[PDB]
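Heads up, the thing below is written out as C-alpha cells.
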Amino acid sequence: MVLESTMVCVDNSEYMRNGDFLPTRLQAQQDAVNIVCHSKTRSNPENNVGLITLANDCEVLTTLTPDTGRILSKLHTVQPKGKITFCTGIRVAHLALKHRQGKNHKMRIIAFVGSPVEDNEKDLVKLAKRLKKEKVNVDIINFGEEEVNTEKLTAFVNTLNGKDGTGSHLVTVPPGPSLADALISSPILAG
Amino acid sequence: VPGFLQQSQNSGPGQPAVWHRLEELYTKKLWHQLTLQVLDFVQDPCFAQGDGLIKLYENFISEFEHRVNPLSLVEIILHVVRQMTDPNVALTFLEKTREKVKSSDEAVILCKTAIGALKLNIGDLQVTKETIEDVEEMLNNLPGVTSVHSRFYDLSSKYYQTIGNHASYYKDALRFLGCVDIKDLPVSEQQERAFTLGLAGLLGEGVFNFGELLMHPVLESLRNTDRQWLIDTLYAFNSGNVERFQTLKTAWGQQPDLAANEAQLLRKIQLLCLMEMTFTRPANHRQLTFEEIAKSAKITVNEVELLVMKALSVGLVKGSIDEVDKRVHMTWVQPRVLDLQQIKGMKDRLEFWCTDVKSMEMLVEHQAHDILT
Amino acid sequence: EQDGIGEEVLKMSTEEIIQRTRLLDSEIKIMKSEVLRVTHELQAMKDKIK
Amino acid sequence: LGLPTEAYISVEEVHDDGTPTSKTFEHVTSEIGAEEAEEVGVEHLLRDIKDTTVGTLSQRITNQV
Amino acid sequence: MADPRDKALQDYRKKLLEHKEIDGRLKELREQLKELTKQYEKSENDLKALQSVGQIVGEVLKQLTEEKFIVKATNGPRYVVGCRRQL
C-alpha cells in the first residue's frame, strides 16, 4: 500500500543495436520493463509507471499514468538510433515528477543504462547535490556493455544518498545469457 | 573464422595491436566499436589490396548481422567496391546490397547516388536523369541526413560535364555549401571549387553575380593570394562598370570557356550598369537621357533602345521609354545588397525622415488639442 | 521447387546460410513489428467507431 | 502602446543560399474577428466611452493623431 | 555447424512454413483495418451531418435598396433581409 511515482527510463541509444546476450538487448530491456511494471502493480495498484527516453531528445512518449496498456503498446517498435544524452535525463525526469496529479506519492526513478556515459564529474555532482536538496531517490541499472567499477556512476550513487540514505542499488550485470535475475534478487524488493 | 583472421593479420602496419583488438571485439558480439575499427581500416590511406579478404568478412558480418544500421553499412561498402575497381560487377553487387536492405532506414537514397556515382563515366544518358530525379523525389520529410544532399551534389558535379548544365549547377553549388558547415579537407581541392563556382555564376542565363556571394569567405580567403583575377572581375560586375581594361585582362587570362561568351558578358554588364546608375542617383531625377547610358555602357545611340527593352523583358526594372525628349523614365523594382557607405546616407535621410514627421505631429497636437478629447 | 534444390548443389558457402538468413530474418522482424502495430491501431479504431 | 498579438509559422528550409541551416520561424500576419454574439456581448461590457460610429470631427483627428 | 547439402536444405524449409504463416493473416488484418476505416469514415460524415440547421425556402419579391431584399416564404410572411458577404 506504498504510494510512490515510479518513473522508468529506458535507453534507445544507437549502442543498443547489438546483442552481447543470446537474446536481443532490446528484448532484454523490454522484458526488464515488464517485470518491474508488474512488480509495482501487485504491490500497490495506486501507483503509476511511465516510460521516458533520453537518446538525442527526452521525448515524453507516455505520461506517468497508472494504466499499463498504453506502455505495453509503446514498449515495442522503439527504433534505437540516437546518441545517448544522460545529463539532461535526470532533470527531465524530476520535471516529470513535479507535474503530478497528487503530491502525496513518494518519488522513485529507475533508469536503464545500456550505453557508456561520457560526462563531466562536475555535471554529475551538481545533479547529485540537487537531488539531495530535493530528497529524490534514483536507481541506476546497467545493461549490455559496462565498464566494471566506473568512477562516474559509483560516485553518483554515493553522492545521491550519502550518510544513511535509501540504498539505491547499482546493478552490474555480467555479459552472458543471464536474465534479470540480478534485477529481481535485490532491487525488486530491496531498492 | 578465427583461423581466417590469423592468416589475414598481415599487410597493415603495426599488426598485432589492432588484430588482437579485432578478434576480441568479435567475441563480445558488439557492433559499434567493432564497426568503427573496420571503418578505421578503410579510412587508412594505404593501397588496401585486401578486398578479397574483407568481402568474405563483410559476408561474415551480414550472415548474423541483423542489428547494424545499414546507413554505415552502405557507407562502408561503397568505399570497398570503389577500391575493387571492377565496373562490370560493381553495379550487380551494389544492386544486391540495395535490395537486401529495404528497411525503414533511408539507405536506398544513398544507394541510388552510389548507382550513379559509379555509373557516371560512360553512357550517361539512359538512366542518369532518372536517378537524378529519383533522389530529389526521395528527399522528402527528412532534411536531416545531410549526406544524401552531399552525394546528390557530387553526382550533379559529374553531371556538370554535359552540354546544358549551368543554372541548376550553380544553384546546387549554393545548396551544398548551405547544408555543409565544416570544411574538413585542404585548400588544394577548395580552390578548384571556388574557381568553377566563379564560372557557373558567370556563364549563366538569369544571373548577374547574385550578391551575398563575395561575402561567403571560403572563396576570397583562399584566392586572394592566387591568380587574383576572378575576384577582380566580380568586383567590376558588382560595381556594374564596363571597365574595359579589366574585362579584357580576364579575356587574356581565361582562354577556354570565355571566347564563346565574351559577347554575352558584354551584353550582361550593359543590362547591369542600369541598376547601378539608377542606384547612383537616389530617385531625385530618375529620368535619365540617352547620353549617360551611351557614355557609361559605351554603347551607341542606335542600341540604347534595344538595351532597355531587354532589361524590361527580364524584370530588372519596370520603367518606360520616352523619345520626345530622348529620356528614359525609370522605376527601379529589383533591389540588391549595398555597403556601409550607403548605410550612412540612408540613416541621414532616415533622421530627416524622423525629424520631419515628429515636427508635424507637434504642430497637429498643439493646434487641435482643444478638439482632441 | 527446382530453384530450391539447384541453389543448394552448385554452391556450398555462397548463398546457403547467406541468402536464407537475410530474406527470412528481415521478413520476421517486420512481421513481428507489424503483427502488433496494426493490432494496436485496429483495437483503437474499434473504440472510435464505438 | 498599439501592439496586437503575434503569430509565426513552422517552416523548414536550410537558411537562404549558402548560410548554415536553422529554423527561421516566418511571420504570418494576424487579425481579430469576433462572432455575432461575441461582438454584441462586448458592447454590453465596456459601458465607459463606447466610441460611437462615424465620428464628429473629434474622434477622426485623434485617429490621425 | 558446417555446410552440408542436407542440413542447410532443411534449415529453411522449417522456416518457410512459419514466415508465410505470419504473412498470410497480415493481409487479412489490413483488409479488416481498411473496411473499419471506411466504416469510420461513414461515422464521421454523420457526425458532421448531425450539426446541421436547415434553411427556410423563400422567394425574392423585389429589391428595395442595395442591402434590403423583400422576400417571402412559401406560406409565411414577408421579410426585409440582406445577403451574407459574396452572393
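Protein chains in written order, with the entry's author numbering: chain b, 1 to 191; chain a, 4 to 376; chain F, 25 to 74; chain Z, 131 to 195; chain E, 1 to 87. Backbone N, C-alpha and C define an ideal beta-carbon position, used for all residues, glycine too.
- For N18(b), a Cβ of chain a is located within less than 7 Å of the residue's own Cβ.
- Inter-residue distance for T85(b) and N120(b) is about 12 Å (C-alpha atoms, whole angstroms).
- Per DSSP, the beta-bridge partners of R330(a) are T292(a), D325(a).
- The C-beta of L33(a) comes closer than 7 Å to at least one C-beta of chain b.
- Per DSSP, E156(Z) lies in no alpha helix (DSSP H); the unbroken beta strand (DSSP E) holding it starts and ends at 156-158.
- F69(E) is bridged by DSSP to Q63(E), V81(E).
- If you ignore the 5 residues before and after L170(b), its C-beta comes within less than 6 Å of the C-beta of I140, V157, all in its own chain and listed in chain order.
- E4(b) has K106(b) as its beta-bridge partners, per DSSP.
- Judged by pairs of C-beta atoms under 8 Å, the region 367-376 of chain a does not touch the region 243-263 of chain a, as fewer than three such pairs exist.
- Residue-level contact by beta carbon holds for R5(E) and chain F, with a gap shorter than 7 Å.
- For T37(E), the enclosing alpha helix (DSSP H) starts and ends at 13-50.
- Closer than 7 Å at the C-beta level to chain a, one finds no residue of the region 83-95 of chain b.
- Nearest CB-CB separation between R70(a) and chain b: below the 7 Å threshold.
- Under the Cβ distance rule, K103(a) counts among the residues neighbouring chain F, one pair being separated by less than 7 Å.
- The alpha-carbon separation between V221(a) and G181(a) amounts to approximately 12 Å.
- Three or more beta-carbon pairs separated by less than 8 Å are not found between the region 142-150 of chain Z and the region 58-66 of chain E, which leaves the two stretches without contact.
- Here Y163(a) carries a coil assignment [DSSP, helix/strand/coil].
- Against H219(a), the close residues of chain Z are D147, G148, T149, in the order they occur along the chain (beta-carbon pairs closer than 9 Å).
- Scanning the region 132-162 of chain a for uninterrupted alpha helix (DSSP H) segments of 4 residues or longer gives 151-161, listed from N- to C-terminal end.
- At a cut-off of 7 Å, the C-beta of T154(Z) has no neighbouring C-beta in chain a.
- The beta carbon of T154(b) sits closer than 8 Å to the beta carbons of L170 from its chain, once the five residues preceding and following it are set aside; these are given in chain order.
- When the beta-carbon positions are compared, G102(b) and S13(b) stay at least 7 Å from each other.
- In this structure, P285(a) is the residue among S362(a), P285(a), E306(a), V336(a) with its C-alpha nearest to the C-alpha of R352(a).
- Taking 7 Å as the threshold, the shortest C-beta distance from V141(Z) to chain a does not fall below it.
- Within the same chain, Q18, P19, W22 come within 8 Å of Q12(a) by CB-CB distance, once the 5 residues on both sides are set aside.
- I52(b) is bridged by DSSP to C9(b).
- For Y138(Z), the enclosing beta strand (DSSP E) begins and ends at 137-139.
- Within chain E, no residue has its CB atom less than 7 Å from the CB of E25(F), the nearest being about 10 Å off.
- In the structure shown, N91(a) falls within a coil segment according to DSSP collapsed to helix, strand and coil.
- In the DSSP secondary-structure assignment, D139(b) is bridged to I110(b).
- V367(a): member of the alpha helix (DSSP H) spanning 343-370, first to last residue.
- Each of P259(a), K313(a), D260(a), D235(a) was checked against the Cα of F248(a), and the nearest Cα belongs to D235(a).
- In this structure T68(b) does not touch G50(b) by the C-beta definition: roughly 10 Å separates them, more than the 8 Å allowed.
- Judged by pairs of C-beta atoms under 8 Å, the region 140-152 of chain b touches the region 102-114 of chain b, as three or more such pairs exist.
- Under DSSP, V171(b) shares a beta bridge with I141(b).
- Against chain Z, a Cβ distance below 7 Å from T376(a) picks out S188.
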